[PDB]
Amino acid sequence: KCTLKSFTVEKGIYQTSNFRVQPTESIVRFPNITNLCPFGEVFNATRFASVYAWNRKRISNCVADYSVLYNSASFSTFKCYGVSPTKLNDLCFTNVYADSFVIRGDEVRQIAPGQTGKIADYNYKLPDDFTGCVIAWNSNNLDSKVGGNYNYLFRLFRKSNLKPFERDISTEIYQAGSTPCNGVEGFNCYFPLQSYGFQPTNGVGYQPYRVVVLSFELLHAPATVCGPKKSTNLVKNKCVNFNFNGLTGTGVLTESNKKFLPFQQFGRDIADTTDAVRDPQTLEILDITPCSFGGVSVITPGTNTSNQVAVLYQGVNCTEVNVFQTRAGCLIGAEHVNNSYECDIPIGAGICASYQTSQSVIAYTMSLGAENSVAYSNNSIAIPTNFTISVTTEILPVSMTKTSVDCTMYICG
Amino acid sequence: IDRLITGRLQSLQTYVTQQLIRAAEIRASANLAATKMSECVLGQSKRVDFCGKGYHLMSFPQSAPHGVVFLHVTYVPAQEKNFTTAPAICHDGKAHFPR
Amino acid sequence: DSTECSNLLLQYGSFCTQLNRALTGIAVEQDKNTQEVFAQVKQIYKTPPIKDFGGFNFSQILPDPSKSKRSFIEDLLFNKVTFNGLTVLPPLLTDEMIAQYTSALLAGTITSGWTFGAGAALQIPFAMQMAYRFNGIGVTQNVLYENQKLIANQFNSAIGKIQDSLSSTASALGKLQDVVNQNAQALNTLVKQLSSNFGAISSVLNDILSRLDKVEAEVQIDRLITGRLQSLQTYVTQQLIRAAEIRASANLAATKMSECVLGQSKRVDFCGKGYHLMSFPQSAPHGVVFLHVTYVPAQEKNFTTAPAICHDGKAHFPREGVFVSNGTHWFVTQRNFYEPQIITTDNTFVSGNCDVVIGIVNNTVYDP
Amino acid sequence: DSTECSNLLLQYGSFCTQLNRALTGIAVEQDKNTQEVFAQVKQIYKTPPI
Amino acid sequence: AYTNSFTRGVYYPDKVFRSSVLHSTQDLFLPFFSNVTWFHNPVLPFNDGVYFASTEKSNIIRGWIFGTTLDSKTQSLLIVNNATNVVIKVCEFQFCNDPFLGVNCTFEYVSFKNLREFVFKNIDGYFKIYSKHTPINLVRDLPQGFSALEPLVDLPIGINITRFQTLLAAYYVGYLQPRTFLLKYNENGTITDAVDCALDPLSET
Ligand SMILES: *[C@@H]1O[C@H](CO)[C@@H](O[C@@H]2O[C@H](CO)[C@@H](O)[C@H](O)[C@H]2NC(C)=O)[C@H](O)[C@H]1NC(C)=O
Ligand SMILES: *[C@@H]1O[C@H](CO)[C@@H](O)[C@H](O)[C@H]1NC(C)=O
Ligand SMILES: *[C@@H]1O[C@H](CO)[C@@H](O)[C@H](O)[C@H]1NC(C)=O
Ligand SMILES: *[C@@H]1O[C@H](CO)[C@@H](O)[C@H](O)[C@H]1NC(C)=O
Ligand SMILES: *[C@@H]1O[C@H](CO)[C@@H](O)[C@H](O)[C@H]1NC(C)=O
Ligand SMILES: *[C@@H]1O[C@H](CO)[C@@H](O)[C@H](O)[C@H]1NC(C)=O
Ligand SMILES: *[C@@H]1O[C@H](CO)[C@@H](O)[C@H](O)[C@H]1NC(C)=O
Ligand SMILES: *[C@@H]1O[C@H](CO)[C@@H](O)[C@H](O)[C@H]1NC(C)=O
Ligand SMILES: *[C@@H]1O[C@H](CO)[C@@H](O)[C@H](O)[C@H]1NC(C)=O
Ligand SMILES: *[C@@H]1O[C@H](CO)[C@@H](O)[C@H](O)[C@H]1NC(C)=O
Ligand SMILES: *[C@@H]1O[C@H](CO)[C@@H](O)[C@H](O)[C@H]1NC(C)=O
Ligand SMILES: *[C@@H]1O[C@H](CO)[C@@H](O)[C@H](O)[C@H]1NC(C)=O
């Protein structure tokens, strides 16, 4: 009634809707998680840098779980700039630079984009538009020693402040006086390198802290660093939503005989539709079948005669949806009959339906007419002894209603 | 306004295209109805099933809105009997065939 | 199944409903086209158990119960012709029902002649039916009964060449194969147009949504919607134009069913070349095949002729036939087969006198 | 004959192939239409001199 | 010296299975019946990409260098067969200006009887290598026949490449150009034949 925009419906079969099986769950597949970035040194190393001599790893051609940097309680502070800490595992980059050093616990707040202070001015400078993150933690258990660990140092002055990622380890004499120092101390000429002398009994602002700064870039050269890839279990024979190596789709996955060559990953149909996939972990080939769909047709006598109906799910197997399978589709609410009649409402593939004997919709194989052996032999003839004058009525269309549209009044008006 | 012009102009092009295709279908039916007027109202067709089932005697036009109705009058044979039959008969050693 | 795209497609209103209404009218018409050709028979006639057809050998064209119970030639015909929301619907009549109709049309034709089209099938012996079909082309029926084994051998031999021809060319069945190829090429074009950009960032609809903010993705999707909707309107318009061409061909096949199979057409070259005797339907994929049987005149001789003959001052004209001479003697023959009769007052009729007619010749007319 | 426009027209896919295919089918039909009408004669018959 | 390339230098354009079907593709290909340089190790242009082949029974070719300088000033690609592994290194090498092999960096990787065939191309910051090996029965030219090259490695290197040289009894060099090819995939999904659509009017047909 709502398809026809009417309260009265004539006898027929009407497509009112489309049926479509929904994906039962989502699946994701990627290759075995492998080739961890070299952070297994960076957060475990016995040695570490003086801040005037900061040590850089270059990170490339690898993956890592960047969530561990704040999911693990091993690190006393984590910060991020441009990027967000919860987002890191979704990202990819051309290079990452992992810069590492020891500082005292009072210096930690200087490690941010574009700052000024004894570290930023004279030891390690970050740019104003920095993209990346910082790990910082107390290292009094690693970097302090009895009587003082004098092996850790900083620069107290420099002739000019450091440029972004400038790395000045030189024994340069700082000049504050009007006379040049010529590589030796003198009138306002100073050797600027100073030791921390870290001790286990220091107050927290004087205790050593380790820092690692992870610095991100994406270039004209392609990405080589990424976060980890998830992988679900694999489900066959159900309709699912799916993703294999970033190839997304939806359908029914089934085992297949198709032998892909060792480098091939996807199969394609004659019209370039994907018809099979290699699983990226257990290297079987799966056929992909579309998730089942078709028109829905309502089969009705006229509403002058009954409010009962049958429903046809066109081309659908009744397993996916009285209930009766026909080659036209799954037919519901119609009684299958072993008799045959003239076709009333046409269902398809030799099947028709009607409303008949408590009366219900019936479905039957259509009858082409009464069977007849003509009484032929080489010497028998039949001759008509009488006739009937018949008057047939033939109706033919001859004209349409003549229409004119002023297209300027229709479009604009 | 250019989105309304674009959609209303495409809407009107769709209408005129399907009316051109439907007019061609009505012209084929008018050409058939004009051929049944000549061959069955103005004549007696010997073409099988052109003017009703059975052997055509005559037909009559009646007007209907947007169309024509033909009342086709036909002879239908009704009450047959079986007989023995032969292609020819002998007489004076010659064969005879029905004229 | 993109919900972001689905909400934009609602802005276009009735377009998606009227595309389906158009293709539904096309689909319903294909069942009517098929019904009007094959369902011309009121009763399912069946052929007798013994084939006493006067030497004419219907066996290549009648049902084979060892097979759908197709004929031998219908099996050659069926061997020779060979999911993005898109669906193919079955025909109403199955290929076995189409073959039960061509079986009934053929069995009625063989056992009863033209009579099963005008009323009840009235049996007649097949050699007597062919004698009437010879009279229908203006050849006297004694020409058949005197040549019956020759005529039957020429028919059986000519049907044998249909098996050979159908086993050894595609050039004839190219009409049905082209209808298969055009519909397959149209659906391939419709599916390949999903890979087109139409000026959008991508042809992949999830790849738009997963890489752009809402208002930007919306503007890119509307280009895919515009191009894919124009791609459907182009397909449905082209299927409407092609369905009108198939309907013209189905109306012609329905007319050859009535006039060539249920009758004997007098229309020149309607039921094959030569004077049409009869024809037989065979079913084929998406079509019908007519085996048109025709009389072709084959070995002519030159004769002298005259429009009339002059007797007792009376001008005589032939009742049927033409006056001819072999150079020395005058005879009247039927017009389509040389069979000279001696000229008599009952071969002929008088009109006026010899002074009027241009080219009259002087002769005896025998009075029996 | 603009190269800049041609590379934009490639983004519309099969539309420009099926327009040329439609007009080629119409063109081949006109020669068929002509041979259905006039080529109904097997041999080129001639009238006599008298 | 020069020789005809015949129908050689085809490679699988993408990692896609297709079967018992014909597929049309545009890519950098060695054109059919093109003219290729023959050597019995100068620096050569790379152009859009290179087809390289050697006819061999004694394994004399041991590697290649690709880049702009192939020497010290700037980054470049070195490829060497170390007999136990293929080795790839991407560096501004201090290595020889007239190199031979016998008895900083941004990337690294570790793995007549015969025609050994290779294709090198460098697009969208990725360096592609394809290859095939076959037995042969001819010395005087690249043997008439068909054999598609499979992808070996597909490297995220990002470098501008314009020239190359061999490291090392005879080898051939041909240049890839943008062409449309029609490729025949059999039931096993192997490429078994091809048409160069620009070769001649029958190939356009
Ligand atoms: C024209 O036809 C007549 C047929 O009657 C031919 O005349 C007959 O010829 C045979 C021998 O060939 C005789 O036995 C008959 O007695 C003849 N009949 C008559 C009525 O005389 C005649 O020969 C034919 N003429 C030509 C030139 O072929
Ligand atoms: C991935 O891991 C599973 C389980 O350890 C193993 O069976 C499989 O072989 C691995 N994948 C590949 C590509 O070898
Ligand atoms: C699908 O339909 C067929 C009959 O068409 C039936 O045999 C089969 O059992 C159905 N599928 C399933 C999964 O049951
Ligand atoms: C209908 O047909 C089926 C299959 O032939 C048979 O099992 C059933 O008993 C029949 N029922 C009736 C009432 O004829
Ligand atoms: C006699 O004629 C009738 C009417 O056509 C027919 O039903 C019957 O089969 C014929 N007789 C025989 C013996 O077949
Ligand atoms: C012929 O049929 C009519 C009825 O249509 C009947 O009245 C008449 O008696 C019949 N005549 C014969 C000879 O059977
Ligand atoms: C008819 O033709 C078939 C072959 O088509 C042949 O086997 C048969 O003997 C012929 N005669 C009869 C009476 O069937
Ligand atoms: C005699 O008839 C033949 C066959 O039709 C014809 O070719 C020939 O031209 C005729 N004779 C003369 C002298 O023209
Ligand atoms: C036929 O033509 C000839 C010349 O060819 C002429 O002499 C004769 O009078 C004509 N006869 C008739 C009946 O026209
Ligand atoms: C035909 O016969 C009549 C009467 O015998 C005669 O007058 C006339 O001249 C004859 N004509 C010819 C053409 O021989
Ligand atoms: C191959 O290149 C050389 C370059 O000098 C030229 O002489 C020769 O004609 C070319 N051959 C063909 C077949 O183009
Ligand atoms: C196709 O693959 C199977 C399995 O490898 C093989 O047996 C068959 O010979 C192959 N067929 C062809 C034509 O290459």
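For the structure itself, consult the block above.
Residues numbered from 1 in each chain as written, not as in the entry; some residues may be left out. Chains lettered and ligands numbered in written order. Part of a larger assembly, values for the part shown. Heavy atoms only, no water. Residues with missing side-chain atoms left out of burial classes, pairs and counts.

Undergrad: Could you give an account of helix α9 (residues 174-192) of chain C, with specific residues and numbers?
TA: Its 19 residues place the ends of α9 of chain C 26 Å apart at the C-alpha level, agreeing with the 27 Å of an ideal helix rising 1.5 Å per residue. Restricting attention to buried positions, one finds in α9 of chain C the residues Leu176, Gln177, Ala186, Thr189, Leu190 and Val191 of chain C. (Helix = DSSP H or I, 4+ residues; strand = E, 2+ residues; numbered from the N terminus. Expected span 1.5 Å × (residues − 1). Buried < 20%, exposed > 50% of the residue type's maximum accessible area, 1.4 Å probe, protein only.)

Undergrad: Give me the side chain of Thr3 of chain E: which residues, what numbers.
TA: Residues and elements named next belong to chain E. Its place among the elements puts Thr3 in strand β1 (residues 2-4). A relative accessible area of 10% means that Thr3 is categorised as buried. Once you skip the residues sitting within four places of it in the chain, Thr3 turns out to touch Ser34, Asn35, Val36, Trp38, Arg140 and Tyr172. (Contact = heavy atoms within 4.5 Å.)

Undergrad: Please set out empty space enclosed by the protein residue by residue, giving values where relevant.
TA: Estimates place the volume of the largest cavity at around 60 Å³. Lining the largest cavity, in full, are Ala186, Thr189, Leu190, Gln193, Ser231, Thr234, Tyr235 and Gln238 of chain C together with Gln18 of chain D. The element that contributes the greatest number of residues to the lining of the largest cavity is helix α11 (residues 214-261) of chain C, accounting for four residues. (1 Å grid on protein atoms, 1.4 Å probe; cavity = no way out; pocket = protein on both sides within 12 Å on 5 of 7 lines; lining within 4 Å. Points joined across faces, edges and corners; volume = space filled by probe spheres on them.)

Undergrad: Describe in detail the sheet that holds strand β8 (residues 330-333) of chain C, supporting the description with residues and values.
TA: Residues and elements named next belong to chain C. In spatial order, the strands read β4-β7-β8-β9; together these four strands make up an open sheet with antiparallel pairing. Edge positions in the sheet fall to β4 (304-305) and β9 (341-342), since each of these pairs with one other strand and no more. When β4 meets strand β7 (residues 322-325), the two strands line up antiparallel, connected through two bridges. Bridged to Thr304 within β7 is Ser325. (Pairing = 2+ DSSP bridges.)

Undergrad: Explain the packing of aromatic side chains to me, using residue names and the numbers behind them.
TA: Under the defined criterion, the tally for this structure stands at 59 aromatic pairs over all chains. The interplanar angle of 35° and the centroid separation of 6.2 Å between the aromatic rings of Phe157 of chain A and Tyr190 of chain A together place this pair among those described as tilted. With a gap of 33 residues between them, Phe157 of chain A in the loop between β9 (153-155) and β10 (174-175) and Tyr190 of chain A in strand β11 (residues 189-190) connect regions that are remote in the sequence. Judged by relative accessible area, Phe157 of chain A falls into the partly exposed class, the value being 30%. Their ring planes at 35° and their centres at 5.3 Å tell us that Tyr11 of chain E and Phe29 of chain E sit as a pair that is tilted. Residue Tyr11 of chain E is located in the loop between β1 and β2 (16-17), and its partner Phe29 of chain E is located in strand β3 (residues 21-29); the two are separated by 18 residues in the primary sequence. (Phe/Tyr/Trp six-rings, centres within 6.5 Å; stacked < 30°, edge-to-face > 60°.)

Undergrad: Please set out unusual backbone geometry residue by residue, giving values where relevant.
TA: Even without being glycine, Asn188 of chain A reaches a positive phi, approximately 50°. Assignment of secondary structure puts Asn188 of chain A in the loop between β10 and β11. Given a relative accessible area of 28%, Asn188 of chain A falls into the partly exposed group. Even without a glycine there, the phi angle at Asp124 of chain E is positive, about 50°. Of note, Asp124 of chain E is situated in the loop between β11 (114-123) and β12 (126-135). Overall, the relative accessible area of 63% leaves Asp124 of chain E in the exposed class.

Undergrad: Run through the side chain of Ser279 of chain C, naming residues and quoting values.
TA: Residue and element names in this part refer to chain C. Along the chain, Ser279 turns up in strand β2 (residues 275-284). Taking relative accessible area as the criterion, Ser279 reaches 0% and is therefore assigned buried. Reaching out from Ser279, the side chain makes a polar contact with the side chain of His292 at a distance of 3.2 Å. With residues near it in sequence (within four places) discarded, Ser279 still touches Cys260, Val261, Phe290, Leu291, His292 and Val293. (Polar contact = N/O pair within 3.5 Å; in protein donor to acceptor, adjacent residues only side chain to side chain.)

Undergrad: How would you sum up the sheet that holds strand β26 (residues 351-356) of chain A? Please name residues and give values.
TA: Residue and element names in this part refer to chain A. The four strands lie next to each other as β24-β27-β26-β25, forming an open sheet whose pairing is mixed. Edge positions in the open sheet fall to β24 (335-336) and β25 (345-348), since each of these has one partner strand only. In this sheet, strand β27 (residues 360-365) lies alongside β24 in parallel orientation, the contact comprising two bridges. Within β27, the position partnered with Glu335 by the bridge is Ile362.

Undergrad: Please give an account of the pattern of salt bridges that cites residues and values.
TA: All names here are of chain A. One pass over the structure, following the stated rule, counts 31 salt bridges over all chains. Taking the shortest distance from any N to any O, the salt bridge between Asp143 and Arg210 comes out at 2.8 Å. One end of the pair, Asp143, is in helix α4 (residues 140-143); the other, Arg210, is in strand β13 (residues 208-217), and 67 residues separate them in sequence. Residue class for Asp143 comes out buried when judged on its relative accessible area of 1%. The class for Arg210 is buried, based on a relative accessible area of 2%. Because the salt bridges share partners, they merge into one network encompassing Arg155, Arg158, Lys163, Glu166 and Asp168. (Salt bridge = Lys/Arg side-chain N within 4 Å of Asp/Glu carboxyl O.)

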